[PDB]
Amino acid sequence: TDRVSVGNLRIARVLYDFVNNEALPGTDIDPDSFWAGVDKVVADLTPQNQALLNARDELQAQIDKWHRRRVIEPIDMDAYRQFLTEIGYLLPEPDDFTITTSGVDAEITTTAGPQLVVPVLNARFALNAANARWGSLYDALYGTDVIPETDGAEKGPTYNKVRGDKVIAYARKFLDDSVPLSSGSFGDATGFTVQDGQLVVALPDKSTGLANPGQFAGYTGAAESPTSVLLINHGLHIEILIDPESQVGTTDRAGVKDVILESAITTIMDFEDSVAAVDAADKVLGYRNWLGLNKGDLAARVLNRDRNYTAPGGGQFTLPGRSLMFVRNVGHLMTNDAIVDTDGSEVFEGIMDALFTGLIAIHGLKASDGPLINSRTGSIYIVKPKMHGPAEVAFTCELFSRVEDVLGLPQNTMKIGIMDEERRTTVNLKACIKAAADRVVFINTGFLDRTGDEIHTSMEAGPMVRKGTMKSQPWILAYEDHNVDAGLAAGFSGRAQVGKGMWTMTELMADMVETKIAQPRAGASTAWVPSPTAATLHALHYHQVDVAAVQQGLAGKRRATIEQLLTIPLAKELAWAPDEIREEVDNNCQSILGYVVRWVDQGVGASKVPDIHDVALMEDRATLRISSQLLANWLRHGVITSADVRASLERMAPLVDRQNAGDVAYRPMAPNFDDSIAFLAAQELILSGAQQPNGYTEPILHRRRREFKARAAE
Ligand SMILES: O=C(O)c1cc(-c2ccc(Cl)s2)on1
Ligand SMILES: [Mg+2]
């Protein structure tokens, strides 16, 4: 074949060449000893990796049997919880502690703000995310529905002045609320001056300074009529751009051209649920973009330089122009044929990701060719998804230690962002944080994956409530609060991020601005957004809410009990009219088909996907886990029949077809269903759902995408 032998490993040539030619030079790692390290790490850690995956299985089987041997009305929580304890699912909670993680950048320890997640296989997206640290508020307001397209203020082929004026008024209001003047409002401002280290704002009748002079952070141009004024509020920068000669500036009372907000403070470059990578060629493409980002030479459009300002006093300084990058590795489950052993057995992809994304990240710790791209404090930031419990966390930390040795990095260089998205992590969260107490830089919650796990875990208990209902169930509200509580009690405030989930409705920005404010109000120092535009709008929330104060107020509170966490989301007796059952089935089948068809046919793992009511959603692969699990649960307990499932898939497929009309490379699923690899993938996810380990959709998706790629190669 086309593989390179390195001890017991057989490495795909594309990967071997990529690493030797592009990734290794400049790192001062001996190529030969790097590869020997790969072979030794893979050999040493593979059995523990497999042991952990079998443990998930054995635990799940015991819970399955517990439910099946019982026939009682409601679950006896006391009994249930004692059972989870005996079998090792629920572990004892350790004593209080404070995390000791060190060498972490300010963006993570201190600054509260939006966090972008983007598919690393899409160079354009990744570049846009990296540059999304600063974004135009005017663009974000004019371009979306945050300013209503009421009569007269609608978006046309060209500039609407009525609408522009609403934009301007909106941002004036933001400035008054965020950086208030001593007297009067920015709405009446006439000009900006810097007089002896102090900001002077001219009003029609008088002039005034800031109510808090310290929020003045700097300017550009001459103090006597600056080209911009830089402000700071809750650690986030705001920049007023001054230019009376611009399209918008000409019509403005102070000649203001735009307001620029520091938005995406950090970004997660994603190798997991937002991308489709099923072989060596797909992995190399992702690795190559990750390398381009870290070397700062990725182009598809390039990376921004830092921003230059004059201090208020008159000196000079500089602010980062790029979002600080994390990478999200895949989790413990999947293998990938980018490397096989002599037996033909695929190597664990999570193990490979640590080695290769870790190797590659070394470049971000040094000079691009300009200044060094990423971490100035010398850290590598890796998000590790889908872990179940503190043993799996300890394993990931040991994998990182071993990689650090192979790479010649100081111990604890590789920091860990722990996703709390699996039930066995949730109920043992404190122990999970403790297992990573010297590497952890965040914890984070989310709707989709965690709900998918909830469904699979109690699959045998009975029929679950509908998908839309899940978002307001006691278990999940408790899960959200417990996560914040565990983080703050572990000393995250001032040290590590406490993060919340993605806003998926990309076009519903008015709704996001209205509702997402709940997350920083709950003490989240960060939350996920789908686009640079959403990052700029969500940044508004951090100007309104003092997250640090919120966190300080929550300290010491125990707002969720183990009993609440363990409250299974079972439907009541006879909860749904027949029409309601049908809507939910259609809803879920459309969700699966819509996402699956792009994934299997085009290898796209994230995009704006129209839902059943044509609302544009940007969800990752976890949308598949939840939908397939709910349908599998409804089929399992006799809520619906296999003909209902079939009929819905067939009803939804043409709909998904016409929803993809704009796409030149799209191939329809209807009417030849059993010919469409994608349609068959969607069906398999449902009918085999209950048998997939923890409801994970990767084994099936990966197989079907590989099958599609093979067909197309003929
Ligand atoms: O719903 C989620 O959890 C989620 C959505 C995404 C996205 C990846 C790329 C985008 Cl662009 S949005 O990542 N996680
Ligand atoms: Mg997830």
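See the structure above.
Residues numbered from 1 in each chain as written, not as in the entry; some residues may be left out. Chains lettered and ligands numbered in written order. Heavy atoms only, no water.

Let us now look at unusual backbone geometry. In most cases, non-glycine residues show a negative phi, while peptide bonds are predominantly trans. Of the consecutive residues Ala670 and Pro671, the connecting peptide bond is found in the cis state with omega at 5°. Structurally, the position occupied by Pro671 is in the loop between α23 (642-659) and α24 (677-687). One non-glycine residue, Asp196, lies in positive phi territory at about 45°. Here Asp196 is to be found in the loop between β5 (191-195) and β6 (198-202). The exposure class assigned to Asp196 is exposed, which follows from its relative accessible area of 73%. (Helix = DSSP H or I, 4+ residues; strand = E, 2+ residues; numbered from the N terminus. Buried < 20%, exposed > 50% of the residue type's maximum accessible area, 1.4 Å probe, protein only.)

Before going further, it helps to examine the coordination of the magnesium ion (ligand 2). Only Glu421 (OE) and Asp449 (OD) from the protein coordinate the magnesium ion (ligand 2), and they sit 2.0 to 2.1 Å from it. Here the residue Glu421 occupies a position in the loop between β19 (414-419) and α11 (423-426), and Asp449 occupies one in helix α13 (residues 448-457), the gap between them amounting to 28 residues. Residue classification places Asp449 among the buried residues on the basis of a relative accessible area of 5%. (Donors = N, O, S within 2.8 Å, 3.2 Å for Na, K, Ca; no water.)

Around ligand 1, the neighbouring residues are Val117, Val118, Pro119, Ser274, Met502, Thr504, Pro530, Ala606, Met618 and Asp620. One of the side-chain N or O atoms of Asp620 is found 3.3 Å from a nitrogen atom in ligand 1. The protein chains hide 93% of the 370 Å² of surface that ligand 1 would expose on its own. In terms of residue class, the shell around ligand 1 is built from seven nonpolar, two polar and one charged. A domain split of the shell around ligand 1 shows at least three residues from each of domain 1 (1-133 + 263-571) and domain 3 (572-714). (Near = heavy atom within 4 Å. Polar contact = N/O pair within 3.5 Å; in protein donor to acceptor, adjacent residues only side chain to side chain. Areas by Shrake-Rupley, 256 points an atom, 1.4 Å probe, with all protein chains shown as cover. Nonpolar A, V, L, I, M, F, W, Y, C, P; charged D, E, K, R; others polar. Domains from an automatic or database assignment.)

A separate point is the sheet that holds strand β12 (residues 266-270). Spatially, eight strands are ordered β3-β12-β15-β18-β19-β20-β21-β22 in a closed barrel, and the strand pairing comes out parallel. Taken over all neighbouring pairs, the strand axes of this sheet differ in orientation by 30° on average, direction set aside. Alignment of strand β3 (residues 113-119) against strand β22 (residues 526-529), held across four bridges, turns out to be parallel. If you follow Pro114 over to β22, its bridge partner there is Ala527. (Pairing = 2+ DSSP bridges. Axes fitted to C-alpha atoms, helices over the stretch in contact; angles between N-to-C directions.)

Quick look at the packing of aromatic side chains now. Within the structure shown, the criterion is met by 17 aromatic pairs. Taking 5.6 Å as the distance between ring centres and 45° as the angle between the ring planes, the aromatic pair formed by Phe326 and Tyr381 counts as tilted. In this pair, the class of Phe326 matches that of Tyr381, namely buried. These aromatic residues form a ring-pair network of at least three members: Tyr16, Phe34, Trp35, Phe271, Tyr287 and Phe356. Over the ring of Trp134 we find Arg307; its NZ or CZ atom is 4.5 Å from the centre of that ring. In this structure, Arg450 is placed above the aromatic ring of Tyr479, and the distance from its NZ or CZ to the ring centre is 5.1 Å. (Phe/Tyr/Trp six-rings, centres within 6.5 Å; stacked < 30°, edge-to-face > 60°. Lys NZ or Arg CZ within 6 Å of the ring centre and 35° of its normal.)

Counted as a void, the largest cavity has a volume near 160 Å³. What lines the largest cavity is a set of 16 residues, among which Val330, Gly331, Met334, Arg621 and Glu698 lie closest to the centre. Across the lining of the largest cavity, the residue classes tally to seven nonpolar, three polar and six charged. Counting contributing residues, the lining of the largest cavity receives three or more from each of domain 1 (1-133 + 263-571) and domain 3 (572-714). Every residue along the wall of the second largest cavity is listed here: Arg56, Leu59, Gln60, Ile63, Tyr89, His388, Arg423, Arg424, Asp453, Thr457 and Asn694. Elements supplying a minimum of two residues to the lining of the second largest cavity: α2 (31-68), α11 and α13. Examining the composition of the lining of the second largest cavity, we find that four residues originate from one element, α2, more than from any other. Residues of the lining of the second largest cavity, tallied by class, amount to three nonpolar, four polar and four charged. (1 Å grid on protein atoms, 1.4 Å probe; cavity = no way out; pocket = protein on both sides within 12 Å on 5 of 7 lines; lining within 4 Å. Points joined across faces, edges and corners; volume = space filled by probe spheres on them.)

The next thing to look at is the nonpolar core. Nonpolar side chains in soluble globular proteins tend to end up buried together. The biggest cluster of nonpolar side chains holds 131 residues, and the ones touching the most others in it are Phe34, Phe192, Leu231, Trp290, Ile433 and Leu537. Domain assignment of the residues forming this core places at least three in each of domain 1 (1-133 + 263-571) and domain 2 (134-262). Core analysis: the second largest hydrophobic core is formed by 68 residues, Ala560, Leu649, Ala678 and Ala682 among them. (Core = buried A, V, L, I, M, F, W, Y, C linked by side-chain atoms within 4.5 Å.)

Bringing the packing of helix α9 (residues 349-361) against helix α10 (residues 390-407) into the picture now. In a packed pair of helices, the relevant descriptors are the angle between the two axes and the axis-to-axis distance. At their nearest, the axes of α9 and α10 sit 10 Å apart, and the two run at 40° to each other. Classified by the interaxial angle, the pair formed by α9 and α10 is oblique. Seen along the crossing, α9 lies across α10 with a hand that is right-handed. Only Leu399, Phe400, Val403, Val406 and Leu407 of α10 make contact with α9, whose side of the interface consists of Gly350, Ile351, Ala354, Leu355, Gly358 and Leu359. Split into classes, the residues belonging to the contact of α9 with α10 amount to nine nonpolar, two polar and no charged. (Parallel < 35°, antiparallel > 145°, perpendicular 65-115°, else oblique. Left-handed = near helix turned anticlockwise from the far one by under 90°. Contact = heavy atoms within 4.5 Å.)

So, about the side chain of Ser648. With respect to the secondary-structure elements, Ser648 resides in helix α23. Polar side-chain contacts of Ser648 include one of 2.6 Å to the side chain of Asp586. Those residues within four positions of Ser648 in sequence are excluded, and the remaining contacts are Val585, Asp586 and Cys589.

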